[PDB]
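Student: Before we start, here is the structure in question, set down as structure tokens.
Residue numbers (the deposited numbering), protein chains in the order written: chain D, 464 to 515; chain I, 464 to 515.
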């Protein structure tokens with residue numbers, strides 16, 4: 464069986480849950496990466512203001 | 464005669480005005496250099512705020 468929340472193996476539902484967990488981790492990775500990009504650019508703004 | 468502004472002077476006046484003009488050239492040099500430095504640092508501030 465698929466173990467975790469729901470905890471049931473059913474071809475259709477296991478496929479859906481696996482795909483959903485995969486896509487959700489993808490979305491989490493995208494969020495984290497672009498948030499780190501934004502943090503870097505805010506740091507750049509701050510360094511520039513201190514230089515000013 | 465010391466031809467130029469002031470006429471001729473010729474004497475202690477010659478010494479005085481010649482040394483005054485030399486010291487004033489020194490003063491002009493110092494002032495223009497300090498002005499260049501101020502302008503460059505203001506430009507640095509402008510660049511940094513634009514980067515921000």
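Just so you know, even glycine gets a beta-carbon here, dropped at the ideal spot from N, CA and C.
1) Do you know offhand how far residue 497/D's Cα is from residue 490/D's?
2) If you measure between the beta carbons of residue 465/I and residue 477/I, is that distance less than 8 Å?
3) Could you pull the start and end residues of the alpha helix (DSSP H) that residue 473/I belongs to?
4) Could you check how far apart the C-beta atoms of residue 508/I and residue 515/D are, in whole angstroms? I think they sit under 8 Å.
5) If you draw a straight line from the alpha carbon of residue 472/D to that of residue 485/D, how long is it in whole angstroms?
6) Which same chain residues end up closer than 8 Å to residue 470/D when comparing Cβ atoms and leaving out the 5 residues on each side of it in sequence?
7) Please state the DSSP three-state secondary structure of residue 496/D.
8) Between the alpha carbons of residue 495/I and residue 505/I, how many angstroms are there, rounded?
Tutor: According to the structure shown:
1) Here residue 497/D refers to the residue found at position 34 when the first chain is read from its first residue. Here residue 490/D refers to the residue found at position 27 when the first chain is read from its first residue. Roughly 11 Å between the two C-alpha positions.
2) Mapped onto the second chain, residue 465/I falls at position 2. Mapped onto the second chain, residue 477/I falls at position 14. Yes, the Cβ-Cβ distance between residue 465/I and residue 477/I is below 8 Å.
3) The count along the second chain starts at 1 and reaches residue 473/I at position 10. Unbroken run through residue 473/I: none, as it is neither H nor E.
4) Sequence index remark: in the second chain, residue 508/I carries index 45 (1-based). Sequence index remark: in the first chain, residue 515/D carries index 52 (1-based). Correct: roughly 5 Å between the Cβ atoms.
5) Along the first chain, one-based indexing puts residue 472/D at 9. Along the first chain, one-based indexing puts residue 485/D at 22. In a straight line, the C-alpha of residue 472/D is about 17 Å away from that of residue 485/D.
6) Here residue 470/D is taken as the residue at index 7 of the first chain, counted from 1. Contacts found: 464.
7) As a position in the first chain, residue 496/D is number 33, starting the count at 1. Helix at residue 496/D.
8) Taking the first residue of the second chain as position 1, residue 495/I is located at position 32. Taking the first residue of the second chain as position 1, residue 505/I is located at position 42. In a straight line, the C-alpha of residue 495/I is about 15 Å away from that of residue 505/I.
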